[PDB]
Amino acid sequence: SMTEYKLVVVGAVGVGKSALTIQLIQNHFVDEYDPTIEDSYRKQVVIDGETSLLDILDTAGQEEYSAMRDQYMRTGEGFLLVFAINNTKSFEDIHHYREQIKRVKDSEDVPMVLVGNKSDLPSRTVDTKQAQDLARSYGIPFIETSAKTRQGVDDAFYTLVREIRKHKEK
């Protein structure tokens, strides 16, 4: 089989959106921070035996330019909501991203996955239980990831694909 999905990575500045994407696409990590304006990637993967093209839109963390960001959300089929486990503000910001997606897509049932990134760092400020409870209250999956160690990177993106696949075929 062959399918294609438009995935959009959102979340506050510095949480690891690009580092997660580059680990999935190019299988490497660097400490250097290159702030994003906008980047797009294409990768062919096999998930549960089903081949797919992933189109990944790596967005900037900033939330201005609503006209452009609304279009990101209209076009995207599934969204990674990324926060960093050592950035409490980035976790507090998550509900804004979800509210914007529901508003733009006029729906309470949009494929999304909550991603707690930088799990390798010993400077945690957001409890796993807090994030688990929030994802549960949203009815969406939660995954902790590290772009540095690659922990959970494939699972985060593959889980979002499974959420989209479910949505499309239901």
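So that there is no doubt, residue numbering starts at 1 and follows the sequence shown.
Higher mean CA temperature factor, per the PDB entry, when comparing 30-38 with 139-147: 30-38. Taking only CA atoms, the mean B-factor in the PDB entry is higher for 125-133 than for the other of 125-133 and 108-116. Among the modelled residues of its chain, residue 159 has a C-alpha B-factor that falls in the lowest third, as given in the PDB entry. For residue 10, the recorded CA B-factor ranks within the lowest third of the chain. Only modelled residues enter the ranking. In the PDB entry, a CA B factor belonging to the lowest third of its chain's modelled residues is recorded for residue 59. Compared with the other modelled residues of the chain, the Cα B-factor recorded for residue 74 ranks in the lowest third.
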